[PDB]
Amino acid sequence: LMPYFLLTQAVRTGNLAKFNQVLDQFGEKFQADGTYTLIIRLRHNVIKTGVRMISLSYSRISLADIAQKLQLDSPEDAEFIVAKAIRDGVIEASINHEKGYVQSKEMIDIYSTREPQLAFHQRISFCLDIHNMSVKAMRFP
Amino acid sequence: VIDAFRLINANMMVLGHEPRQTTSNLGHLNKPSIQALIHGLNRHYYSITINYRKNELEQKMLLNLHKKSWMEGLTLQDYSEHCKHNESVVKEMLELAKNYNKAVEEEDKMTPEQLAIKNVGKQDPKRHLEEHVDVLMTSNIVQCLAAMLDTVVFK
Amino acid sequence: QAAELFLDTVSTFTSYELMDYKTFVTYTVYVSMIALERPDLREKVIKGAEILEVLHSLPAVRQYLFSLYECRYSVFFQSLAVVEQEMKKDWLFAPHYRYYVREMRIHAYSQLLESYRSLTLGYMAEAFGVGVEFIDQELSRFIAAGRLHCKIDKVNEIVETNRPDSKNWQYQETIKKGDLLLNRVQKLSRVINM
Amino acid sequence: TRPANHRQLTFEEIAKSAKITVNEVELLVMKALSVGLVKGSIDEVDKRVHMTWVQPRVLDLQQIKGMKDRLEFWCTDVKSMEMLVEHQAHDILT
Amino acid sequence: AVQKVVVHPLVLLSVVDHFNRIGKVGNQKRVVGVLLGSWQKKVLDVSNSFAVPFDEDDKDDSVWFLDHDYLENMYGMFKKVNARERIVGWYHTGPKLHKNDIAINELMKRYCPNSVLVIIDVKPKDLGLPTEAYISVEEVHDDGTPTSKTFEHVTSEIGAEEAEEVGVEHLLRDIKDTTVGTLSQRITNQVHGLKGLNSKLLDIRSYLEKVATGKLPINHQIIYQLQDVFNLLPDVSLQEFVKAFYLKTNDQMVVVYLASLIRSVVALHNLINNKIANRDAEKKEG
Amino acid sequence: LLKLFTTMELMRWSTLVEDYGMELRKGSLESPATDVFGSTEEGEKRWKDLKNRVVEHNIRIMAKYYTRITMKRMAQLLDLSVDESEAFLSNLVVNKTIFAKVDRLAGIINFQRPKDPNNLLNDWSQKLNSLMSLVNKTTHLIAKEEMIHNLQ
Amino acid sequence: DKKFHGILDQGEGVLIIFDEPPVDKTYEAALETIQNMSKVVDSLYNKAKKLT
């Protein structure tokens, strides 16, 4: 996990050369585990992960600023990346071809207080299977 | 209490006493009181069995009409006293939190029933059972369903 | 836990154990500063008569403690850097990159931008030191860290905070704890039926 | 006619209804509140008048079909939702 | 003149039995007597009943007879045994009211100034109504309408007599018309509440339809005055739900966290305790 | 008195000085009127006291009628400018006479207390129960009138 | 010091004053119940009885 730790740091930072070097150093075990194709996929999706984190960080971030932050050095590539993030639906960052506007959040609506209970009311379903297991497992002799 | 008996003359006791006749019906649920036993009545002859004329056209009339709640099941009462009621419910179940806490560190390794019998606390697992939590849950869902049913009626 | 059991000003010796009573106090001030920002800390430590006396003994220590209490960031950051330098010269240096100055300014920035909605980067910079770019990069780094509940409008250079209501923030805390305890009960469901 | 169906009594709607000017709307709605025609809130940013009536009058019994239709609409909605919740509740009521 | 009347669960069955016992030879379908009780605080209550044989003829509804001496002797005996009891009104069966009621009211009002009429449905149990109350108001039908009888219904609600709870519980002891079994009982409460709402509102819709057809006389002068407000009351605006999106949904989600989870955890604790006991028993039996 | 006491009329004192201001110039006796308003120094002080008095009266009657009223209209109704109208509005609220909240940058005011969802659903349930009672009363009324109308 | 209920919107040069509803203490009390009824029980009990 020490190279994995450095991989996590590289994912957060957005740099390329440092983790490419450590993959060339200790990437054989990754190949043995069978994730090296994924390893390269993370190596080139580091920018995607950085875009999500910086989009969660900022309200209206400049496309030039995000390109400088994640080593794109290209306004068009930055616009394409944020386009690709929004179409994937991972983040809510939108595009305004004027300067790169992104909408902010809003106060809580009808379903925003109800989606926890809707996704969590399986508690009684767990209770009923526990009770049914007890019914199965209360042999007296 | 509606207990009926008969006074007897002196001859009933000098003949075969317990004027209760030969049948196995008045011995059903025949429990005269101690003061009735020490007195002659309810002891002289017998205790009379009681029955209620629960005839239909009378009993169906009573149950249908007297105990009347027919459109009163549509009450909503979302938060008339329920916001502070939920505050009290949380406080009571916080006490249940401390009780069910107390239980889990008691939890001794000597057949915990042995510990429980001599250290009853009437806690959430023991006496303040899941029934009370079910009552709180039923109250919440009933107000929820009533409010939601009238919300969809509101068209 | 440290503070809660360490404000007790009952020393086994007048000047021993932790090298002094003054060193004892400096540990108290550091621990309290890591602890909390500015609730009725005026009635917890500031009201302390022995506390005020020892801050009279140590003017610089009194300087940053009152600077944090008064929320005057122009002197606070310089004094906070002096505090970090002093902690470097101390073997109790374990929070070398977490809780020297970054956590304290996380509390200070939270205290500052709360009761605010959109405070400009350029003016909060001069109200909190100098180097508008330095504060901008600091805010970006700390927002990435997770705290400083706000967002940055870079095209207009504004700090648009997002403080949840008492209901909203607390509801967020409940859904987080619901996530943790669903993880717990799922683990317990693993424990059963095996 | 509109049971809060059109609860936005804007100035233009008031002008259509009463062919009155804008300054007289204030006095007209004031007298309406005083008599008891409309008792709702009166805004001016959007000029919206909330709709509550507590002084009923003749509803043109030849036009009772409108209120009959609204009442039967309420009947259909109530019965439909009762059947829907019954459908959701067969697992207890059946 | 009374604001409202409240009927006890104390005279309804007595009236029905009186109907049954005096209907053996009198098949007029018309049982007429007096209901006695008390009126104290604009709330009228009935505590005793009495039936008198009564024959009618359809000819102008003026053929009848009673036993007034016996009825007055009854009232004197009832007042002697219980002074607070007084004749609060007179009752007639046969909800299809005829025209002799005005003559009966005129004759009996010497016992009660605000003479009232009570109809008991011995055989009918339509939805839940045991009886209906009637107040005599002949002080002009309306502002611009001709003269009429116009016996109106003063609002009636079934009261709660004391010490009868023991008897009714012992009597029934089979249905348990209480909130027992809270969840299922409230489900039944919702069920017949919807049944009553649908039936009554369908009746109102039928009345509106029949008024539209005009086959029956139209009492619009109170119908629209009472139903227009009902229709226009703004319970259809949903923006107050928008303002109260967390109307209770916060309480809904805490109950999900703190009733369903708590039930699941306590059930889990019971199962794992049982599993430990069963495993130990299986391993240490031999 | 009949005009200026009740029914929440717009007390435009500019109109009142001629509609009901004849007591200043000539009335039946006009001697108390000349003592009150016909004086020069104390008369003009009482003139100003009528002027403001009707301003708070107009504010108060507007409070129970209009929830949100634009700043220009309120100032015109108060016969003053924006700053003077907001100053008197502040004078009322510091006396707790009216429940007023104003956005000064937007110049828009509100007089309705924010309805807590607890009592909001409570009045909704009370509205529900009022409808339920109306259903009961209407059902009994129509059914009994139905009985009288089919006695044929 | 929570003596006032508002947020200073410097961008608009104003301060938005909000009436904070304090009846929402059920939220925090419920969280405290969640914490002190679950943490103190589940970890301790089902780590003591790891084997079942």
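Residues numbered from 1 in each chain as written, not as in the entry; some residues may be left out. Chains lettered and ligands numbered in written order. Part of a larger assembly, values for the part shown. Heavy atoms only, no water. Residues with missing side-chain atoms left out of burial classes, pairs and counts.

In terms of determination method and resolution, the entry is listed under cryo-EM at 3.6 Å.

Visitor: Please set out unusual backbone geometry residue by residue, giving values where relevant.
Guide: Of note, the phi angle at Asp 79 of chain F is positive, near 60 degrees, even though the residue is not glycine. As for its placement among the helices and strands, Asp 79 of chain F is situated in the loop between α6 (71-77) and α7 (82-93). Of note, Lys 2 of chain G is a non-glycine position whose phi angle comes to about 60 degrees, a positive value. (Helix = DSSP H or I, 4+ residues; strand = E, 2+ residues; numbered from the N terminus.)

Visitor: Describe in detail the interface of chain A and chain E, supporting the description with residues and values.
Guide: Listed per partner, the contact involves 19 residues of chain A and 19 residues of chain E. Going through the elements one at a time, α7 (115-120) and α8 (123-136) of chain A are the ones with two or more residues in the side of chain A that touches chain E. Among the elements that line the side of chain A that touches chain E, the one with the most residues is α8 of chain A, at seven residues. Looking at the side of chain A that touches chain E residue by residue, the class counts come to eleven nonpolar, four polar and four charged. (Contact = heavy atoms within 4.5 Å. Nonpolar A, V, L, I, M, F, W, Y, C, P; charged D, E, K, R; others polar.)

Visitor: Break down the state of the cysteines for me, citing the residues and quoting the values.
Guide: According to the stated counting rule, one finds zero disulfides over all chains in the structure shown. Summary of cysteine pairing: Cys 127 of chain A is not part of a disulfide, and the nearest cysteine sulfur, belonging to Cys 144 of chain B, is at 19 Å. (Disulfide = S-S within 2.5 Å.)

Visitor: Would you mind going over the nonpolar core in detail, with residue names and values included?
Guide: Core analysis: the largest hydrophobic core is formed by 58 residues, its most contacted members being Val 51 of chain A together with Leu 139 and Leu 148 of chain C. If we ignore the near neighbours within four places in the chain, the residues touching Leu 139 of chain C are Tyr 109, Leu 121, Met 124, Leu 148, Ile 152 and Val 159 of chain C. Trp 70 of chain B, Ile 204 of chain E together with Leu 121 and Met 132 of chain F belong to the second-largest nonpolar core, a separate cluster that totals 35 residues. (Core = buried A, V, L, I, M, F, W, Y, C linked by side-chain atoms within 4.5 Å. Buried < 20%, exposed > 50% of the residue type's maximum accessible area, 1.4 Å probe, protein only.)

Visitor: Can you break down the arrangement of the chains residue by residue, with the values?
Guide: Considering every one of the 14 pairs of chains in contact, the largest contact total is recorded for chains B and E. No interface is formed between chain C and chain F, the nearest pair of C-alpha atoms being 13 Å apart. Where chain D comes nearest to chain G, the C-alpha atoms are still 20 Å apart, and the two do not contact one another.

Visitor: How would you summarise the interface of chain B and chain E if you had to cite specific residues and measurements?
Guide: Chain B puts 39 residues into the contact, and the matching count from chain E is 45 residues. Summing both sides of the interface, chain B and chain E together bury roughly 4300 Å²; the carbon and sulfur share of this comes to 68%. Area buried by chain B at its contact with chain E is led by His 66, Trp 70 and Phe 154 of chain B, which between them contribute 14% of it. In this assembly, chain B and chain E are joined by one salt bridge. Ionic pairing is found between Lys 248 of chain E and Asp 78 of chain B, a salt bridge with its closest N-O pair at 3.7 Å. Where chain B packs against chain E, one counts four residue pairs in polar contact. Elements with a minimum of two residues in the side of chain B that touches chain E: α3 (59-65), α4 (82-106) and α6 (130-153) of chain B. For the side of chain B that touches chain E, the leading source of residues is α6 of chain B, giving 14 residues. (Buried area = accessible area lost by both parts, 1.4 Å probe. Salt bridge = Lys/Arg side-chain N within 4 Å of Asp/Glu carboxyl O. Polar contact = N/O pair within 3.5 Å; in protein donor to acceptor, adjacent residues only side chain to side chain.)

Visitor: Describe the sheet that holds strand β2 (residues 32-39) of chain E, and please don't skip the residues or the numbers.
Guide: In spatial order, the strands read β7-β6-β5-β4-β2-β3-β1-β8 (chain E); together these eight strands make up an open sheet with mixed pairing. Only two strands of the sheet have a single neighbouring strand rather than two, namely β7 (151-152) and β8 (156-158) of chain E. Sheet contacts for helix α8 (residues 117-149) of chain F: β6 (131-136) and β7 of chain E; angle to β6 of chain E, the most-contacted strand, approximately 75 degrees. (Pairing = 2+ DSSP bridges. Axes fitted to C-alpha atoms, helices over the stretch in contact; angles between N-to-C directions.)

Visitor: Now, about the pattern of salt bridges: what can you tell me, with residues and values included?
Guide: Under the criterion given, the structure shown has 31 salt bridges over all chains. Here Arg 102 of chain C makes a salt bridge to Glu 84 of chain C, at a shortest N to O gap of 3.6 Å. Taken together, the positions of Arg 102 of chain C in helix α6 (residues 102-113) and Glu 84 of chain C in helix α5 (residues 73-88) put the pair 18 residues apart, joining distant regions of the chain. Among the residues examined, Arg 102 of chain C registers a relative accessible area of 24% and is labelled partly exposed. On the basis of relative accessible area, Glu 84 of chain C is assigned to the buried category, the value being 15%. Linked by salt bridges that have partners in common, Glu 26, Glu 44 and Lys 47 of chain D together with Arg 73 of chain F make up one network.

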